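In what follows, a structure is listed as structure tokens, so that the remarks can point back to it.
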Amino acid sequence: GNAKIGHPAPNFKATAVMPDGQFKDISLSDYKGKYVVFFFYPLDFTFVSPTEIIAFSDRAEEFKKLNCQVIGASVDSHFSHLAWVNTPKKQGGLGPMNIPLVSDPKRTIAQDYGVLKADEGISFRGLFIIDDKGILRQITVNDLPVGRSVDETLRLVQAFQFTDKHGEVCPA
Amino acid sequence: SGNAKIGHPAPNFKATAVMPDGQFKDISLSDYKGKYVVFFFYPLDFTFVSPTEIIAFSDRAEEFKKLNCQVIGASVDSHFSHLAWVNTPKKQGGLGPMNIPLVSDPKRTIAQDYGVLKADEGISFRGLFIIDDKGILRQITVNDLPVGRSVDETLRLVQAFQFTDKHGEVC
Ligand SMILES: *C1=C2C(=CC(=O)C(O)=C2C)[C@]2(C)CC[C@@]3(C)[C@@H]4C[C@](C)(C(=O)O)CC[C@]4(C)CC[C@]3(C)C2=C1
Ligand SMILES: *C1=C2C(=CC(=O)C(O)=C2C)[C@]2(C)CC[C@@]3(C)[C@@H]4C[C@](C)(C(=O)O)CC[C@]4(C)CC[C@]3(C)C2=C1
């Protein structure tokens, strides 16, 4: 792929299901000026991914206080994403979302980020931290069965922002 | 770039390491088949953020041993540089005695194989890799230089891969 630490994160333009439940075409570059956590999950209607997606959505306000946009993505269609959102939470659905979910049906976004599992056409569990100038700061890739931690992601986002700011702090 | 791919054999290496007993030894990743491995890079010796990470992994090595997991650190510095840093007491800014081996990658080929060499600076990013007991790469972590890693998160990951190893085995 083309995701390199210290280089601009690969842009994308893709259809996402938005928190209001409608579809919108969004780009990574829409979020310049804010940190971005961009994470891939393999497929909709699976059993590890919902724990992660719901945790990032549930805790979205902790990312907003860090001026950080969270974006999820999978190769499944945006229609499939919405179907999972609309499945009742008590029956296994995602329920209402506080984060957008991108659809990568051509697999080009997962390829650009180096996380496509080529022999199956789905993404590994890749997570990327992109700073407010668009520069990639952190790469995380898990094999399919093992989920990610919102606590760890918050730790990293905050730590990068602190080290970003150290040199402009008042010298008193 | 690099040859580290999830679900494929982790790139092998053979390199001089400073072992916990203070001796040099040429070791290979394949020496540790039968154990999980946490293999982590740091940019260079005698720095500020890196010793806190290295000491944290060394101090907590028993928690990895209980998971049948070997921890190995690495940088492009010479094996003499590693040994001098170990022989510098922690209270004077050194590493002090270590419970983990520290690999020397002076030709930068290990960092290149793992995709973590920072071009034109000749140092590695803060890369960390989790390799299972069959030598297969399960997890990739790469931090830009300013931000360190968490032993807690690394243990959570090792535990989680070992958990999922307990179902779905075909052979
Ligand atoms: C941080 C602060 C400063 C004052 C201050 O009241 C304050 O609240 C904060 C947080 C000082 C000490 C004030 C003076 C400057 C800003 C100077 C002066 C300079 C001409 C300016 O006014 O912008 C240029 C910047 C410079 C040299 C650095 C910061 C600070 C020393 C300063 C930072
Ligand atoms: C599991 C598998 C094996 C191959 C394989 O392609 C595969 O998909 C799975 C799930 C191997 C590596 C194949 C060879 C055997 C089956 C051997 C050979 C043996 C003669 C047989 O054919 O059954 C006897 C069993 C033996 C020695 C152990 C398993 C495996 C090494 C194997 C398991």
Side-chain angles (χ1 to χ4, degrees), chain A residues 114-115 117 119 124-127 138-149 152, chain B residues 1-17 19-20 25-42 53-54 56-58 60-75 98-105 108-117 124-143 149-171:
Chain A
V115 296
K117 186 175 187 294
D119 60 3
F124 286 113
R125 291 192 196 275
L127 180 146
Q138 205 280 336
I139 290 162
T140 301
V141 194
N142 296 358
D143 196 7
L144 305 181
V146 166
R148 292 151 288 192
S149 161
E152 173 69 354
Chain B
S1 211
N3 302 312
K5 315 173 301 332
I6 305 277
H8 293 266
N12 205 7
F13 62 78
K14 186 178 186 186
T16 304
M19 305 306 284
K25 181 171 162 40
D26 288 358
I27 67 176
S28 309
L29 179 60
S30 57
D31 295 352
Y32 299 95
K33 301 262 222 204
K35 299 184 78 171
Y36 263 69
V37 176
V38 168
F39 182 47
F40 75 93
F41 296 83
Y42 61 94
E53 301 186 294
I54 294 159
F57 277 103
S58 171
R60 295 183 63 188
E62 198 51 63
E63 293 173 64
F64 291 94
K65 179 171 188 151
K66 294 222 210 134
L67 303 172
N68 191 41
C69 179
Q70 174 72 49
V71 174
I72 302 168
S75 79
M98 293 278 96
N99 295 316
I100 59 173
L102 299 171
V103 160
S104 169
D105 183 29
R108 274 76 166 167
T109 57
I110 305 171
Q112 271 174 336
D113 270 5
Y114 277 81
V116 295
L117 185 64
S124 71
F125 285 114
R126 288 190 201 280
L128 178 145
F129 301 87
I130 298 176
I131 301 140
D132 69 20
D133 55 302
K134 305 182 178 135
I136 298 301
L137 184 61
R138 311 300 306 278
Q139 209 278 336
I140 292 160
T141 301
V142 191
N143 291 7
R149 290 154 289 193
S150 160
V151 179
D152 280 350
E153 169 73 352
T154 305
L155 287 161
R156 179 192 74 80
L157 283 165
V158 173
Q159 290 159 16
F161 286 112
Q162 292 179 347
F163 179 92
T164 59
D165 286 349
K166 292 171 166 67
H167 51 38
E169 192 75 1
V170 283
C171 299

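Computation of the quantities below employed the complete heavy-atom set of this structure, encompassing side-chain atoms and omitting hydrogens, waters and symmetry-equivalent molecules. Protein chains get the first letters and strands the later ones, always in sequence-line order, with residue 1 at the start of each.
- Every residue meeting the side-chain hydrogen bond (donor to acceptor under 3.5 Å, both in side chains) condition with B:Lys134, not counting sequence neighbours, appears here in chain and number order: B:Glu169.
- Applying the side chain to side chain contact (heavy atoms under 4.5 Å, CB included) criterion to B:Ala17, with sequence neighbours excluded, gives B:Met19, B:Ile27, B:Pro101, B:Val103.
- Scanning both residues, B:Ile130 and B:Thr154, for their nearest heavy atoms gives CD1-O, 4.3 Å.
- Ring geometry for B:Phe39 versus B:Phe13: interplanar angle under 30°, hence parallel rather than tilted (30 to 60°).
- Of the possible polar contacts, none joining the B:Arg126 side chain to the B:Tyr42 backbone as a donor-acceptor pair under 3.5 Å is found.
- Every residue meeting the side-chain hydrogen bond (donor to acceptor under 3.5 Å, both in side chains) condition with A:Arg148, not counting sequence neighbours, appears here in chain and number order: A:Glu52.
- Judged as a side chain to side chain contact (heavy atoms under 4.5 Å, CB included), and not counting sequence neighbours, the contacts of B:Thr109 are B:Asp105, B:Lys107, B:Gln112.
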Under 3.5 Å, which donor-acceptor pairs link side chains of residues 66-75 of chain B to any protein atom two or more places apart or in another chain?
| from | atom 1 | to | atom 2 | distance (Å) |
| --- | --- | --- | --- | --- |
| B:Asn68 | ND2 | B:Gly34 | O | 3.0 |
| B:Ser75 | OG | B:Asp77 | N | 3.3 |
| B:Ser75 | OG | B:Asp77 | OD1 | 2.6 |

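- The nearest pair of heavy atoms linking B:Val151 to B:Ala56 is CG2-CB, 3.8 Å.
- In terms of the side chain to side chain contact (heavy atoms under 4.5 Å, CB included) criterion, residue partners of B:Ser124 (sequence neighbours excluded) are, by chain and number, B:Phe41, B:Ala111, B:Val116.
- For the atom pair CD1 (B:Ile131) and CG (B:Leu137), the distance works out to 6.0 Å, reported to the nearest 0.5 Å.
- To the nearest 0.5 Å, atom CG of residue B:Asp132 and atom NZ of residue B:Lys35 are 14.0 Å apart.
- Pairs engaging residues 150-168 of chain B under the salt bridge (charged side-chain N to carboxylate O under 4.0 Å, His left out) rule: B:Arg60-B:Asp152, B:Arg138-B:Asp165, B:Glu153-B:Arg156 [sequence neighbours left out].
- To the nearest 0.5 Å, atom CD1 of residue B:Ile54 and atom CG of residue B:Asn99 are 13.0 Å apart.
- By the salt bridge (charged side-chain N to carboxylate O under 4.0 Å, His left out) test, B:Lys25 is found to be paired with no residue, residues two or more places apart in sequence or in another chain being considered.
- Counting only heavy atoms from C-beta outward, the side chains of B:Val38 and B:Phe129 never approach each other to under 4.5 Å.
- In this structure, CG in B:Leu157 is found 11.5 Å from CG in A:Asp143, a value given to the nearest 0.5 Å.
- Considering only residues two or more places apart in sequence or on other chains, B:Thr141 meets the side-chain hydrogen bond (donor to acceptor under 3.5 Å, both in side chains) condition with B:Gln139.
- The shortest non-hydrogen separation linking B:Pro11 to B:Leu29 is O-CD2, 3.6 Å.
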Which pairs of donor and acceptor atoms, one on a side chain in residues 2-9 of chain B, lie under 3.5 Å apart (sequence neighbours left out)?
none

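- Judged as a ring-ring contact (aromatic ring centres under 6.0 Å, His included), and not counting sequence neighbours, B:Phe161 has no contacts.
- Rounded to the nearest 0.5 angstrom, B:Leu102 CG and B:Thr16 OG1 are separated by 12.5 Å.
- Atom CG of A:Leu127 sits about 8.5 Å away from atom CG of A:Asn142, to the nearest 0.5 Å.
- Contacts of B:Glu62 classified as salt bridge (charged side-chain N to carboxylate O under 4.0 Å, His left out), with partners at least two apart in sequence or in another chain: none.
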